[PDB]
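First comes one chain, alone, set out as structure tokens in the form deposited in one PDB entry.
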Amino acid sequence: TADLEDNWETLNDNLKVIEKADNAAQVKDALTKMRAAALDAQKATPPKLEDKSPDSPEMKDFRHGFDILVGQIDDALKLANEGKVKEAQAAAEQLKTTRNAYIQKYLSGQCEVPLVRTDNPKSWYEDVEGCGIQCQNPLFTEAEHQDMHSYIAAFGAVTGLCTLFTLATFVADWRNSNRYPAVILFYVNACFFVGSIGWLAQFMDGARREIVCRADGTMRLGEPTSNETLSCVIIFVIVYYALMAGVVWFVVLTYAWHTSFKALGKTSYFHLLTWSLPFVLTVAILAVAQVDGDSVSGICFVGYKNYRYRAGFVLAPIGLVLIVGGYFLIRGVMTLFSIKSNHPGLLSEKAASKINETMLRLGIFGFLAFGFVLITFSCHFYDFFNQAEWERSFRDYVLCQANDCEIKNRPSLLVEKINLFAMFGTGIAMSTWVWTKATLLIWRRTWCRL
């Protein structure tokens, strides 16, 4: 009925009355007028969002900020009706916080897209006071975000269910399956399963915004931070630790294949050699606070803002597992070449058929993992080689939108999809370790246990 600008001024005016009021009747009346102006403001469409759908995320977030505000006005009203003026004034002072962190960005004029109005100085973009970078990655369209989300949902669900089956198959036969070198594939699978949970957490109701955005709607950058939720650092820890634990268990896989010949139980502190390196690296990223959120990937990761951190903590360790894993695979084929030439009557003897089965299967999984890890490496390499320029194009676009503006260059979502194909694909390929006639018997034995 009334204009949004007037409704906003009614909120300002009545807030002044509450703080300089001596009685709860003046507070009650000011809050009642605020509740009316908040609800009517909720019905209005911000001037910036006239081209936007009423069911669009910007409009839904706009309306949500007033839902929080109306609840807080109602909380202040039960206090005022209790004759608690001091407490009602205190609750009313919290309306300023909500108005400024959630709604203000839709009533500004001070900031221009992709910048967003926020009173939080820790959220401000470089030297621009009062404005922070919007949570939604400004270099990619809503259509490119949604296409990417459907892509992660699909690949993430498939990897999650495949790896979960392999884990369930292993624990069902844990007495007979927890034996080296077979149990290496159990931990490889656990790594990609936990990793998938990390990638899939964004698909829960309102989870992507909780993970990737700051409470004031700006993008999560340089986490761990003060007065922000733990959702970002949790997703990063799940994704990054599982990713790094996965490439380390891959080296163990190549090592097991390289030593499967010298040999033809063994469950000791092997875990110390595998879980330590991703722990130290994860802890190092948390101490240097280079954890950032991203709306298109829907996760929190390292080196999204500053590419060097992705190069140091993702590219370089994966490059080292490739050269170490590659070494054990080459040495493994040389030993296979040696045993085939020097002793032709080893693979030509049926006496050790169980040795021939496990060694051939180990090598297949070892080389398959290597190929996918090499694709994963190449995509992080393209990103390392080009993100300095992309960061400059990001900053240049964001800045002339304040003072037509073009995006010179941007990250490639295709390269990201290839990386995810190879990353989730390792998880799906490694899960086929349990896709044998022997596991059909394990689930039959599990069914006959009731």
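Shifts are known only where both forms have a C-alpha. Just so we're on the same page, rigid core means the largest C-alpha set that superposes within 1.5 Å between forms. Residue indices: 1-based, along the sequence shown.
What comes next is about the form deposited in another entry, which does not appear here.
Core-based superposition between this form and the one not shown leaves all of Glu112, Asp119, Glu210, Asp75 but one with CA shifts under 2 Å; the exception is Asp75.
The pair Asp13 and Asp119 is tighter in that other deposited form: their Cα-Cα distance falls by no less than 3 Å compared with this form. A shift of at least 3 angstroms pushes the Cα atoms of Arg63 and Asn120 further from each other in that other deposited form than in the displayed structure.
Listed in sequence order, 1-35, 38-106, 265-270, 404-406 mark where three or more consecutive residues have CA shifts of 2 Å or more between this form and the one not shown on superposition of the core.
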